[PDB]
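This report refers to the structure that appears directly beneath it.
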Amino acid sequence: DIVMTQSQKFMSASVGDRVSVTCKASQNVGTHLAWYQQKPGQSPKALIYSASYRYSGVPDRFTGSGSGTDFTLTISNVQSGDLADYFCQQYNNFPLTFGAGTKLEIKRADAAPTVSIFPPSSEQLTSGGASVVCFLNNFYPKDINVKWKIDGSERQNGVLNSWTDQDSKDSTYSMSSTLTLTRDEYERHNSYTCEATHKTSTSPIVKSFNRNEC
Amino acid sequence: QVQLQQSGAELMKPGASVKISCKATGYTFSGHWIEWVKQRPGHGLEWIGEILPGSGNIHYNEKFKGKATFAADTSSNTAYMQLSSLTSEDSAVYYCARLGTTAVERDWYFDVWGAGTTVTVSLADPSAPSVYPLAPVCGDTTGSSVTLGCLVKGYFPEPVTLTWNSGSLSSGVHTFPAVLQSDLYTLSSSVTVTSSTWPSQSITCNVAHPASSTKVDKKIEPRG
């Protein structure tokens with residue numbers, strides 16, 4: 001099979017900028033190449049065919065170039081709606097093959113995360129479990145570090161993290177971190193602490209609670 | 001408007017077979033090829049095959065030789081793909097798409113796509129979720145806004161549906177992708193509202209897990 005390689009997994013551009021997505025074919029496919037745009041959760045739509053021909057209705061800000069094995073989709077005057085995945089498709093030979101896609105990120109102003117920590121519910125404790133949840137919401141850029149502390153000392157196991165896609169309305173990122181203990185372990189300690197380190201400050205954002213409080 | 005409507009999600013035990021459908025409107029059903037593509041999480045799209053309704057011509061990717069077969073009923077404008085002897089690697093989203101009209105250049109791209117049909121193949125058994133309220137620390141809430149949460153723990157398979165106040169609360173919501181551990185998923189969701197909005201006014205997460213035929217509403221209560 002002809003392998004289509006999009007070596008860039010993510011890209012970032014400010015509104016008004018010009019950005020380019022690359023797509024490499026393992027064999028010569030001439031000009032038989034299409035580009036697609038897939039917004040989050042939405043259905044993918046065709047942008048370019050024959051390497052450089054715009055599909056009807058596509059703004060002229062989208063241009064395609066290349067032939068043989070190296071292809072480039074260029075997005076001029078980047079708009080907010082362009083937040084999406086872009087992937088190429090070869091149709092020089094059957095079976096048709098696709099690239100894995102490249103997600104376009106929108107640049108925006110730095111923003112520190114809003115951190116909230118939540119103790120285990122009495123419902124979960126009734127069943128013998130104890131999950132502590134920390135939300136780190138609406139920050140930029142995407143890189144962030146979370147550290148859990150129990151009675152002041154770092155805790156590494158039992159932690160599961162989840163990250164959101166870039167928000168389509170404010171271009172921020174959010175993250176959820178859950179520390180799961182058994183009730184037995186949880187009731188043997190006092191202080192539970194979530195610590196967020198983000199490039200906007202050397203000082204981590206610290207949220208904590210005590211099994212004492214109320 | 002030209003449209004492709006695909007059938008709903010499927011949960012199959014390995015060894016079974018499944019047949020999903022793709023209803024095409026509104027155009028000449030026999031004038032375009034119907035294409036089928038597979039998307040596993042973490043993988044790129046894979047082309048399965050194509051069928052020309054009416055003429056019944058069929059082409060398949062060799063990698064799916066004995067796995068997928070296609071059919072197209074021209075009286076109902078519906079194309080079908082059947083998958084045999086299901087395994088874990090067949091768990092994916094499956095899209096049908098229309099092959100764009102082309103001339104001598106043979107521009108074989110897709111000009112309309114369906115929304116996709118999720119197929120989950122597993123021997124693990126469906127487990128309904130526990131829904132846990134996340135209320136803020138008993139201490140203070142100085143800020144102008146308060147964040148509440150809902151933890152959906154220990155269900156299988158995906159997906160769950162989570163809303164806040166029956167969907168009337170959409171701004172300030174972050175629902176995080178589920179995490180898999182062992183054979184069970186865990187899902188969290190946060191909502192941020194004005195401090196004057198809670199606890200004076202109720203806030204409830206609504207969770208639906210169709211595979212277990214379960215719905216749960218959890219009102220977030222102040223802890224004291």
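Methodologically, a virtual Cβ is constructed for each residue, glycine included, from the backbone with ideal geometry; neighbour enumeration extends over all protein chains shown. None of the figures in this text is laboratory data; all of them are computed from the coordinates on show.
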Sorted on mean Cβ neighbours within 10 Å (highest first), peptides B:46-58, B:156-168 come out as B:46-58, B:156-168
Which of B:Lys13/B:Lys153; A:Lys103/B:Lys38; A:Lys39/B:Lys65; A:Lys39/B:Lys63; A:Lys45/B:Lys215 exceed 27 Å between C-alpha atoms? The answer is A:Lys39/B:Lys65; A:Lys39/B:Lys63; A:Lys45/B:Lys215
Of all GluC sites (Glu not before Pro) in segment A:113-198, the ones in DSSP coil with at most 13 other Cβ atoms within 10 Å are A:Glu187
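Within 10 Å, count the other beta carbons around each residue, average over each peptide in B:19-31, A:110-122, A:164-176, and list them highest first. Don't skip to the answer; put the middle values down first.
Details: B:19-31: 16.2, A:110-122: 20.3, A:164-176: 18.0.
With the highest mean Cβ count within 10 Å placed first, the list reads A:110-122, A:164-176, B:19-31.
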Percent of all alpha-carbon pairs of segment B:95-224 at distances over 25 Å, whole number, is 44 percent
The simple spin-label model distance between B:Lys19 and B:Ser84, using points 7 Å out along Cα→Cβ, in nm, is 1.4 nm
Computed for chain B: size of charge dipole around the Cα centre, +1 on C-beta of each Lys and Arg, -1 on C-beta of each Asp and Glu, debye to nearest 20, value 340 debye
Taking every residue of B:191-198, the Cβ atoms of other protein chains inside 10 Å of its Cβ average out to 1
If each part is reduced to its alpha-carbon centroid, segment B:86-136 and segment A:120-147 end up apart, in Å, by 29 Å
Volume per residue (Å³) of the convex hull spanned by the alpha carbons of segment B:2-123 is 104 Å³
Projecting the Cα atoms of A:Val132, A:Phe71, A:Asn161 onto the charge dipole of chain A, where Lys and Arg contribute +1 and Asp and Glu -1 at Cβ, the residue farthest towards the positive end is A:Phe71
Rounded to the nearest Å, the spacing of the alpha-carbon centers of segment A:28-81 and segment B:45-71 is 26 Å
The equivalent-ellipsoid semi-axes of segment A:1-108, taken as the square roots of five times the Cα gyration tensor eigenvalues and listed largest first in whole Å, are 22, 14, 13
quick note, chain B, DSSP beta bridge pairs, % antiparallel (nearest 5) is 95 percent
A correct Stokes-Einstein calculation for the protein assembly as shown, using the alpha-carbon Kirkwood radius, 10 °C and 1.306 mPa s, returns a whole-number D in µm² s⁻¹ of 66 µm²/s
Per-residue average of other protein chain Cβ atoms inside 10 Å, peptide A:34-40 -> 2
With R₀ set to 41 angstrom, the calculated FRET efficiency between the beta-carbons of A:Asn145 and B:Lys63, to the nearest 0.05, is 0.50
For segment B:28-133, listing trypsin sites (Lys or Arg not before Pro) in a DSSP loop whose Cβ sees at most 14 other Cβ atoms within 10 Å gives B:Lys65, B:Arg106
Partner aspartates and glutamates whose C-alpha sits under 12 Å from that of A:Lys9, ignoring same-chain residues fewer than 8 away, are A:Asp85, A:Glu105
Semi-axes of chain B from the Cα gyration tensor (sqrt of 5 times each eigenvalue, largest first, whole Å) come to 44, 21, 14
Partner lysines whose C-alpha sits under 22 Å from that of A:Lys207, ignoring same-chain residues fewer than 8 away, are A:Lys142, A:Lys147, A:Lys149, A:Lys199
A correct Stokes-Einstein calculation for chain A, using the alpha-carbon Kirkwood radius, 25 °C and 0.890 mPa s, returns a whole-number D in µm² s⁻¹ of 122 µm²/s
Note: A:41-48 gets an average of partner chain Cβ contacts (10 Å, Cβ to Cβ) equal to 4
